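Q: Fold the following and give me the result.
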Amino acid sequence: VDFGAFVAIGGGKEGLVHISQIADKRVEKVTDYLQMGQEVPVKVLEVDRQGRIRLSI
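A: Residues are numbered from 1 along each chain as shown. Below is the structure:
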């Protein structure tokens, strides 16, 4: 989505890569990183508001 991408890292657990932290450059709605079921490594950073883990590539 234009909010980011939800990686199912394992067992269907959603982690949100936020829109800016997908491409590391001009994102165009994450057009380069947009394909359902595409596997790609995602690294967690730290705890965030609402208990959500922070995710980026």
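
Q: May I have the secondary structure class of residue 17?
A: The assignment at residue 17 comes out as strand when based on DSSP: H, G, I helix; E, B strand; the rest coil.

Q: what about it, distance to residue 48?
A: Taken as C-beta to C-beta, to the nearest Å, the spacing of residue 17 relative to residue 48 amounts to 13 Å. For the C-beta atoms, the positions are set from N, CA and C on the backbone; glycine is no exception.

Q: Pick out whichever of the two has more residues nearby.
A: In terms of neighbours (other C-beta atoms under 10 Å), residue 17 is the more surrounded of residue 17 and residue 48; the figures are 21 against 12.

Q: The more buried one contacts residue 53, correct?
A: No. No contact is recorded between residue 17 and residue 53 when judged using C-beta atoms under 8 Å, the distance being 11.0 Å.

Q: how far away is residue 44 from residue 23?
A: Spatial separation of residue 44 from residue 23 under the definition C-beta to C-beta is 19 Å.
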